[PDB]
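Going line by line, the protein sequences match chains H and L. Heads up: the first sequence runs through residues 2 to 82, 82A to 82C, 83 to 113, 119 to 259, 262, numbered per the deposited numbering. Heads up: the second sequence runs through residues 1 to 9, 11 to 27, 27A to 27B, 28 to 95, 95A to 95B, 96 to 106, 106A, 107 to 211, numbered per the deposited numbering. Even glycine gets a Cβ: it sits at the ideal position worked out from N, Cα and C.
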Amino acid sequence: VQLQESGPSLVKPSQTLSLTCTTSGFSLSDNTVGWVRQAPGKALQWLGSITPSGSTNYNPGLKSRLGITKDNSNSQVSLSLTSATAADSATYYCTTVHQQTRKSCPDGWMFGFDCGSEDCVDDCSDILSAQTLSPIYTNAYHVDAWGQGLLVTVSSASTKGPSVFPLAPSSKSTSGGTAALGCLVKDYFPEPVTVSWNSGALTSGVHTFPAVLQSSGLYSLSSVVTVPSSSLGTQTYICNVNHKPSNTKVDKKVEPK
Amino acid sequence: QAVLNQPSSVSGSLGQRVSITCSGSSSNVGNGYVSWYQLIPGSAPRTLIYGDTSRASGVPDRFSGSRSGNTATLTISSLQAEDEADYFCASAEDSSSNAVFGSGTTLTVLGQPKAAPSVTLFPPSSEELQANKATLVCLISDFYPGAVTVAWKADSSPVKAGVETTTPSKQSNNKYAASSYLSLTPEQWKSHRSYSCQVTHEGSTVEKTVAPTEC
């Protein structure tokens, strides 16, 4: 199954954050879809879900700001939150929720089958003059599938694409048979950026570091890869930076010195 | 928006057993039907347990859930290095379709082989210099435990301004990596004769040096 979130990575304060989840592999009319978020370094927070019948449930502390919509034909769920503040900067996940209705009788009461069957009775020895009631159905929920999530930043500062500079290997950056090389992704906003190497064909020995917020207010990070030193004249190495907040993709050839 | 209570962090050695508790009242955990989720950085959350004790698809047998009234427990037996993650419990309050998540627990897997770090110091590229900027990039990788201190030098004199350092984080091979930056102007860069990145790790200090009069 697949759940893909989409929307703006940057929302100005007091504006309305809006995200859309495109679904495939379960039909939006059978299973129910919910939204979960998590602020950086905080715990998961339930935002709400929409039932197959179109009914919506919201978190009690955020219902005045939330709103979920459905479109079964296009298979798209929508989430909205008004008066977006800096506390709303988080990663927003699109999920599928699964329910499970359990029937039960009130306390002390018993079923007719355990002794007319579906009803709960007050006395099984009589099963006639005893008081009769209906069973109580209560359902529980668990999240089954999670989307990759979308990092949303609530800020007044403006988007800025990244500058990509090469971290080239030299006669001092080597370590015998292996050499380290990378590219520096400088001055971008907001988060995040994604780096690969040779269009994903180079995954062995790759690491991308967490970003850092500079004094200028922009983010920067690095991505490094270790390759055989004997290949620095035969194999070309390209780092593929991706910045969805600005719809920018940069391919930078790393040349040995 | 009640927050179920979990310990902020637990620990355990390789191959040993670890338990994570999830405290609640009689109206959300006391009802039962508690689920557990695993969050590894760089990955989407992974549903481990649902309905107190049932495993999800593709969940190994070392992951097991249980409940005892108002406190449910997730137990991970034969501990592995890939089990280092954040774990969250959850339950619906009075079956109102709204669910509450736990405070979260960070798991640490100890007993892993110690490793000394390798350090690489890149001088500012020609492209960055042509843009009237200069950033020294000090990359540290393949070390355990993930505790290092980074110092910058200019002609052996300490430098504390214009330095940014990331907190150590896990690599793909369960070892740690960190990065440090020294943002200078091209005039500051061409000024001194050398700049150094000093990395201290377990009674050892590796120093890498770059000179503007080089490659």
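Contact under 8 angstroms by Cβ, residue i with residue j
{"i": "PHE98 (chain L)", "j": "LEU216 (chain H)", "result": "no"}
{"i": "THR17 (chain H)", "j": "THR82A (chain H)", "result": "yes"}
{"i": "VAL3 (chain L)", "j": "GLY13 (chain L)", "result": "no"}
{"i": "residue 1 (chain H)", "j": "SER202 (chain H)", "result": "Coverage of chain H is limited to positions 2 through 262, which leaves residue 1 (chain H) absent and any answer about it impossible."}
{"i": "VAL228 (chain H)", "j": "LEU184 (chain H)", "result": "yes"}
{"i": "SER225 (chain H)", "j": "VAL133 (chain L)", "result": "yes"}
{"i": "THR24 (chain H)", "j": "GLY8 (chain H)", "result": "no"}
{"i": "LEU178 (chain L)", "j": "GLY158 (chain L)", "result": "yes"}
{"i": "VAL12 (chain H)", "j": "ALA85 (chain H)", "result": "no"}
{"i": "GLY25 (chain L)", "j": "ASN69 (chain L)", "result": "yes"}
{"i": "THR156 (chain H)", "j": "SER234 (chain H)", "result": "no"}
{"i": "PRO213 (chain H)", "j": "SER114 (chain L)", "result": "no"}
{"i": "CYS113 (chain H)", "j": "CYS103 (chain H)", "result": "no"}
Same chain only: Cβ atoms within 7 angstroms of residue i, ignoring 5 sequence neighbours per side
{"i": "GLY16 (chain L)", "result": "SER77, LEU78"}
{"i": "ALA148 (chain H)", "result": "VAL2, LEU4, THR93, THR94"}
{"i": "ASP31 (chain H)", "result": "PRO53"}
{"i": "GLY50 (chain L)", "result": "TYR32"}
{"i": "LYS149 (chain L)", "result": "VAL155, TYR191, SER192, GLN194"}
{"i": "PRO231 (chain H)", "result": "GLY180, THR181"}
Residue(s) in a DSSP beta bridge with residue i
{"i": "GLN97 (chain H)", "result": "H:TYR144"}
{"i": "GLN3 (chain H)", "result": "H:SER25"}
{"i": "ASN58 (chain H)", "result": "H:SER50"}
{"i": "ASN245 (chain H)", "result": "H:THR197, H:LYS252"}
{"i": "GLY158 (chain L)", "result": "Paired residue(s): none; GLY158 (chain L) is not in a bridge."}
{"i": "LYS71 (chain H)", "result": "H:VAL78"}
{"i": "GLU198 (chain L)", "result": "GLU198 (chain L) pairs with nothing; no bridge assigned."}
{"i": "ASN5 (chain L)", "result": "L:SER24"}
{"i": "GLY13 (chain L)", "result": "L:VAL106"}
{"i": "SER34 (chain L)", "result": "L:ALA89"}
{"i": "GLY99 (chain L)", "result": "L:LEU4"}
{"i": "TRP149 (chain H)", "result": "H:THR93"}
{"i": "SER165 (chain L)", "result": "L:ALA173"}
{"i": "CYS193 (chain L)", "result": "L:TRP148, L:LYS204"}
Range covered by the beta strand (DSSP E) that runs through residue i
{"i": "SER122 (chain L)", "result": "Note, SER122 (chain L): premise wrong, no beta strand (DSSP E); alpha helix (DSSP H) at 122-126."}
{"i": "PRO169 (chain H)", "result": "166-170"}
{"i": "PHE62 (chain L)", "result": "62-67"}
{"i": "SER137 (chain L)", "result": "130-139"}
{"i": "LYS189 (chain H)", "result": "181-191"}
{"i": "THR229 (chain H)", "result": "222-231"}
{"i": "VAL157 (chain H)", "result": "153-157"}
{"i": "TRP148 (chain L)", "result": "145-150"}
{"i": "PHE118 (chain L)", "result": "114-118"}
{"i": "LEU47 (chain L)", "result": "45-49"}
{"i": "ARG38 (chain H)", "result": "33-39"}
{"i": "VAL209 (chain H)", "result": "209-211"}
Spatial neighbours of residue i in its chain, beta-carbon cut-off 6 angstroms, leaving aside the 5 residues before and after
{"i": "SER90 (chain L)", "result": "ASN27B, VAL28, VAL33"}
{"i": "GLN134 (chain H)", "result": "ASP125"}
{"i": "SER249 (chain H)", "result": "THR162, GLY164"}
{"i": "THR196 (chain L)", "result": "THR145"}
{"i": "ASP190 (chain H)", "result": "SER166, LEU221"}
{"i": "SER176 (chain L)", "result": "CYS134, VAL146, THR161"}
{"i": "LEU29 (chain H)", "result": "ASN73, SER76"}
Boundaries (first-last residue) of the alpha helix (DSSP H) holding residue i
{"i": "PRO182 (chain L)", "result": "182-187"}
Cutoff 8 angstroms; reference residue i; Cβ partners in own chain excluding five residues on either side
{"i": "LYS255 (chain H)", "result": "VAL167, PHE168, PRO169, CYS186, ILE241, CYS242, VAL244"}
{"i": "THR52 (chain L)", "result": "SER63, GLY64, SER65, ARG66"}
| said: Could you tell me which whole beta strand (DSSP E) segments of length 3 or greater appear in the stretch 68-93 of chain L? | reply: The qualifying runs are 70-75, 85-91.
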